[PDB]
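J.: Please read through the structure below; I'll follow up with questions.
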Amino acid sequence: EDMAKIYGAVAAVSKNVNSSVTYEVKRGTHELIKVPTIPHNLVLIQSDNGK
Amino acid sequence: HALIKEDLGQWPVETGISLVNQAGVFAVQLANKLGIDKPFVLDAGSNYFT
């Protein structure tokens, strides 16, 4: 019985080993919007007689 | 066809860690199954017929 306790404690220590890490790489990334129209900013000014 | 199979059970083994440490845990359970953990003396002398 006391041997099972000693053997169990050793197995607990051996099981404390770490395997790996996992993380997401998202820094520096931004979403993109879509502009549907082109701004021209033009107006045609014409006289009444058209000259 | 016939065969003789010895069934000592199934014991899971985990990889990546020391095997000897897992064997020690299973050793006490195996001894419990065979009834040899505690001090014993075998009496099988009367298990016979003529």
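J.: In this structure, does B:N32 turn out to be surrounded by 10 or more Cβ atoms within 10 Å (Cβ to Cβ) and either of a type outside the set (G, A, S) or within 14 Å of another protein chain (Cβ to nearest Cβ) (or both)?
T.: Criteria met by B:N32.
J.: Related question: So, in segment A:14-40, of the ones that are polar (S, T, N, Q) and within 20 Å of the chain's Cα centre (by Cα), which residue ends up farthest from B:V25 (Cα to Cα)?
T.: Only one residue fits best here, namely A:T29.
J.: Say whether the condition of being surrounded by 10 or more Cβ atoms within 10 Å (Cβ to Cβ), hydroxyl-bearing (S, T, Y) and under 30 Å from B:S18 (Cβ atoms) is met by at least one residue in segment A:13-31.
T.: Step one: filter segment A:13-31 for residues surrounded by 10 or more Cβ atoms within 10 Å (Cβ to Cβ), giving A:13-15.
Still in the running and hydroxyl-bearing (S, T, Y): A:14.
Checking which are under 30 Å from B:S18 (Cβ atoms) leaves us with A:14.
Within segment A:13-31, one or more residues are surrounded by 10 or more Cβ atoms within 10 Å (Cβ to Cβ), hydroxyl-bearing (S, T, Y) and under 30 Å from B:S18 (Cβ atoms).
J.: Moving on. What's the number of the condition B:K5 fails, among (1) more than 18 Å from A:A9 (Cα to Cα); (2) of a type in the set (D, E, K, R); (3) within 12 Å of another protein chain (Cβ to nearest Cβ)?
T.: Only one criterion is unmet by B:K5, namely (3).
J.: Scan segment B:35-50 residue by residue and report those that are away from chain A (no Cβ under 14 Å) and within 30 Å of A:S14 (Cβ to Cβ).
T.: B:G35, the sole residue that qualifies.
J.: I want to confirm something. Restricting to chain A and keeping residues that are within 14 Å of chain B (Cβ to nearest Cβ) and among the polar types (S, T, N, Q), which single residue is farthest from B:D37 (Cα to Cα)?
T.: Of all residues in chain A, those within 14 Å of chain B (Cβ to nearest Cβ) come to A:1-20.
Right, trim to among the polar types (S, T, N, Q) and you get A:14, A:16, A:18-20.
Numbers: A:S14: 25, A:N16: 29, A:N18: 34, A:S19: 36, A:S20: 39 Å.
It comes out as A:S20.
J.: Considering every residue within segment B:8-16, establish whether at least one is among the acidic types (D, E), without any contact (Cβ under 8 Å) to a residue 60 or more places away in the chain and under 30 Å from A:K15 (Cα atoms).
T.: yes
Coordinate-derived values only; no laboratory data. With ideal geometry, Cβ positions are generated from the backbone for all residues, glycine too; neighbour counts draw on all protein chains shown.
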